[PDB]
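There are 2 protein chains.
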Amino acid sequence: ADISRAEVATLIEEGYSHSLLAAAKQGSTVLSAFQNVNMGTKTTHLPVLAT
Amino acid sequence: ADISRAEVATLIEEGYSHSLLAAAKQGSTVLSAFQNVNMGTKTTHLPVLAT
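Here you go:
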C-alpha cells in the first residue's frame, strides 16, 4: 500500500495569481485626433464660408 | 401610447456653433517678396542705365 497525491486531498492546495490579468484599454482615435465639440441638443448647425 | 421625437416638435431647439466659421486670410505674395515703395503721387520716374 501507498500514499498517492489523490490520497492527500485538500491538504494539497491550488494557488492563484493575477500576473496575466491585465490588459491596457485603447481609447477612440477620432476623439483624440480631433476637437470635441460640446452639444446641448440632437442637431447643431455650423455655418462655413462657401464663395 | 408614447412620445416620439417628432411628437415634441419645436419644444426641441436646434443648436449653433461657429467652431467651423474661421479662416486665416492670405496676403499678397508680391507685397512680401519685393520692396514696398511708399508713393505720394500717381507717377514716379526712375532713370536706369541703358547703353
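Top to bottom, those sequences are chains A and F. Here the deposited numbering is used: the first residue of the first sequence is 2, the next is one more, and so on. Here the deposited numbering is used: the first residue of the second sequence is 2, the next is one more, and so on. From the three backbone atoms N, C-alpha and C, an ideal C-beta is built for every residue, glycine too.
{"Query": "I want to see whether chain F comes within less than 8 Å of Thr45 (chain A), judged by CB atoms only; does it?", "Result": "yes"}
{"Query": "Output, in sequence order along the chain, the residues in the segment 12 to 29 of chain F whose CB is closer than 8 Å to any CB in chain A.", "Result": "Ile13, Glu14, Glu15, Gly16, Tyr17, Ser18, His19, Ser20, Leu21, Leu22, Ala24"}
{"Query": "Could you spell out where the alpha helix (DSSP H) holding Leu47 (chain F) opens and where it closes?", "Result": "Note, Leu47 (chain F): premise wrong, no alpha helix (DSSP H); not H, not E."}
{"Query": "Excluding five sequence neighbours on each side, which residues of the same chain lie with their C-beta closer than 8 Å to the C-beta of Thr45 (chain F)?", "Result": "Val38"}
{"Query": "Judging by CA-CA distance, which residue of F:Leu21, F:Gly28, F:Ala25 is the nearest neighbour of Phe35 (chain A)?", "Result": "F:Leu21"}
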